[PDB]
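Below, in structure tokens: the form deposited in one PDB entry, a single chain.
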């Protein structure tokens, strides 16, 4: 039906708001360093993580149709305030209330889709759309940054008002979770930080342009989304969860290393297209892992997934900006290190499960 479509668009817009400021931020650097840029990007995620449980409680008190609307209003107000405001405190408050809107919208939409669809695969589509919106945000924002430096935020506010109108006219041991949760962090640390650096990095190594960065990021996101939607079932048939996650992390490591070893314009352009395949196939794999471990407390597992995704989306940009200030290529080294840590975690978990199964068979 159209209900899943409008809700999917709502989550797409909410998670596009995170990255819509990535290409405008270099323009705001001359109004700065990478540290305040990272803090600005991370405020949204921190507020969303803080208010996600409060947002769920409020939705329980009244919601599942009204909390979504009020979150959309907060999102539109935040984006309009970002469009008009110039003061750093005003920008900080706009991002904070945008995080409030994200934390008020996400629980409502995920609960509705869990209750307005007889499915499993729908949560995989949720993860795919969340990743696609997160990646595409900077691309579309940079594409609109050509016509005006405040046009993307006006467009986002108009989209939020349109989402208002559409929503009005529609609608146990914890040791098992310790492995995927870290994995979740790793992904949301590997992606966000990288996407915070890439633009700036491309603006420094080869003197990129906002339109050029936008087209590179959009092509990478579209290629990753298409590769996922056209090969996820086959790759799930071939490998298991943990092995596929390890191989995707190794692929991301190799591609990021190539990015460090890339100097020509078209070489880095080609690397940008395929850099996101690993992450776009990691995220649904993490979602399926979370669904597979938990058999009864599915809402708890989903809440843990969301809160740790937001926590990593907050802790990534700050470290990425500080490292970018310290060194030009440091954030990519941090991303490679985090990916290798995720590989080691996956290998340790696989060895643990193999030892347990071998002992049981020996039993």
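Basically, rigid core = biggest C-alpha set you can superpose within 1.5 Å across the two forms. Numbering follows the first chain given and starts at 1.
This next part talks about the form deposited in another entry, which is not shown.
Aligning the rigid core between this form and the one not shown and inspecting 131, 192, 272, 252, the C-alpha positions shift by 2 Å or more at one residue, which is 131. Once the rigid core is overlaid between this form and the one not shown, residue 108 counts among the residues whose Cα shifts by 2 Å or more. Core-superposed comparison between this form and the one not shown: the C-alpha position of residue 74 differs by no less than 2 Å. Annotation: Cα of residue 302 displaced by less than 2 Å between this form and the one not shown, core superposition.
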